[PDB]
Structures are given as structure tokens and as C-alpha cells.
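Here is how the chains run, residue by residue.
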Amino acid sequence: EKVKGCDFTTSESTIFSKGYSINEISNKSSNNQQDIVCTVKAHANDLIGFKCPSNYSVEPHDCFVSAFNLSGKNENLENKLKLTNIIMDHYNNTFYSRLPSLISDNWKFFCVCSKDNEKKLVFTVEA
């Protein structure tokens, strides 16, 4: 099926269910004015991932393999959730992770893409 994730490179991602246009990120932002946030609901069976344009830099603000937690501390997210089939492609700037078959926790996490003098893009999901 389609993969749950935000595509900042294609409003119609033939791979991600959620995508944004280069214009919407400049006008119809997510919630704030420039900060673009993609809020989506993930599921133990739904696949989770995201992708950013090749002209932007991928920096983990709260990803899963390694990132800053809600406290802003750098800690692996594996001890929190045992993700499987992890795929990390920096050249294509796309990340995918498989969620177990059971998840009753309301944990949330997000990744960010940005560059100097450039609107930052935030990818976030909750489960």
C-alpha cells in the first residue's frame, strides 16, 4: 500500500501518502508561518518514512536511529521502540522504518531538513 510519510519534494508522492508543493511551503505553511510540519498518524502495520528535496540537508531533530528527544537530548530511539527493516539513504534523502505489529504507546518523533538562509521543514508522526 502507500507509505505514510511527508514528501517535501513532490506534492503527489507515488510512494508517500502525504506530499507538499514548493508553493504551499512558501504560503500555505503547516501551522506556523515558515516552519513546515507534517503531522500524520502512524500504525503498527502502517509503514513510516519521509523524504526531502536533494537541495536541502537532512538533520535528525528527533528521528529514530539517532536524534534529539523531546528534552533535546541525543539518545537512540531503539531502546524505546525496536524498529526493524531500517533503511537510510542519504543520497536520496529518504528514510523508512517498519513498526512492530503492536503499539499502544502515544510516543511521537520527528525529523528535520534545512540549510542556511532556508525555511526549515519538520516531519512528525504520532502513535
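- Going by the header, the method for this PDB entry is solution NMR.

Some thoughts on the nonpolar core
Part 1 of the reasoning: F8, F64, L99, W107, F109, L121 and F123 are the most contacted members of the largest nonpolar core, which totals 28 residues.
Part 2 of the reasoning: Elements that contribute at least two residues to this core include exactly strand 3 (36-41), strand 4 (48-51), strand 8 (108-114) and strand 9 (121-126).
Part 3 of the reasoning: Once residues lying within four places of it in the same chain are set aside, the contact partners of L99 are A42, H43, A44, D46, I48, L81, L83 and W107.

Concerning the UniProt feature "disulfide bond" in the protein
Part 1 of the reasoning: Disulfide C6/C38 (UniProt): S-S 2.0 Å, present in this structure. Residue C6 is found in strand 1 (residues 3-7), and its partner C38 is found in strand 3; the two are separated by 32 residues along the sequence. We note that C6, like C38, is buried.
Part 2 of the reasoning: Sulfur atoms of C63 and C111, annotated by UniProt as disulfide partners, sit 2.0 Å apart, under the 2.5 Å cut-off for a formed bond. One end of the pair, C63, is in the loop between strand 5 (57-62) and strand 6 (84-89); the other, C111, is in strand 8, with 48 residues separating them in the sequence. Per residue, the accessibility class of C63 equals that of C111, and both read buried.

What to know about the pairing of strand 6
The side chains of a regular strand alternate, residue by residue, between the two faces of the sheet.
Part 1 of the reasoning: Pairing between strand 6 and strand 7 (residues 94-98): four bridges, direction antiparallel. Each bridged residue has a counterpart across the sheet, and for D89 the counterpart in strand 7 is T94.
Part 2 of the reasoning: Between the end of strand 6 and the start of strand 7, which pair antiparallel, lie four residues, with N93 showing a positive phi angle near 55°.

Re the pattern of salt bridges
Part 1 of the reasoning: In the structure shown here, the tally under the stated rule is two salt bridges.
Part 2 of the reasoning: In this structure, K120 and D35 form a salt bridge, with 2.4 Å as the shortest nitrogen-oxygen distance. A residue pair is termed long-range when its members are at least 10 positions apart, and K120 in the loop between strand 8 and strand 9 and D35 in the loop between strand 2 (16-19) and strand 3 qualify at 85 residues.
Part 3 of the reasoning: Take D35: its relative accessible area is 16%, and that puts it in the buried class.
Part 4 of the reasoning: Among the salt bridges present, the one from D105 reaches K80, with a minimum N-O distance of 3.6 Å. Here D105, found in the loop between strand 7 and strand 8, pairs with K80, found in the loop between strand 5 and strand 6; they are 25 residues apart in sequence, far enough to count as distant.
Part 5 of the reasoning: Taking the relative accessible area as the measure of exposure, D105 reaches 38% and is therefore partly exposed.

Rules of the game
- Residues numbered from 1 in each chain as written, not as in the entry; some residues may be left out.
- Heavy atoms only, no water.
- Core = buried A, V, L, I, M, F, W, Y, C linked by side-chain atoms within 4.5 Å.
- Buried < 20%, exposed > 50% of the residue type's maximum accessible area, 1.4 Å probe, protein only.
- Helix = DSSP H or I, 4+ residues; strand = E, 2+ residues; numbered from the N terminus.
- Contact = heavy atoms within 4.5 Å.
- Disulfide = S-S within 2.5 Å.
- UniProt positions renumbered as here; feature names shortened; annotations may be inferred.
- Pairing = 2+ DSSP bridges.
- Salt bridge = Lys/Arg side-chain N within 4 Å of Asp/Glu carboxyl O.

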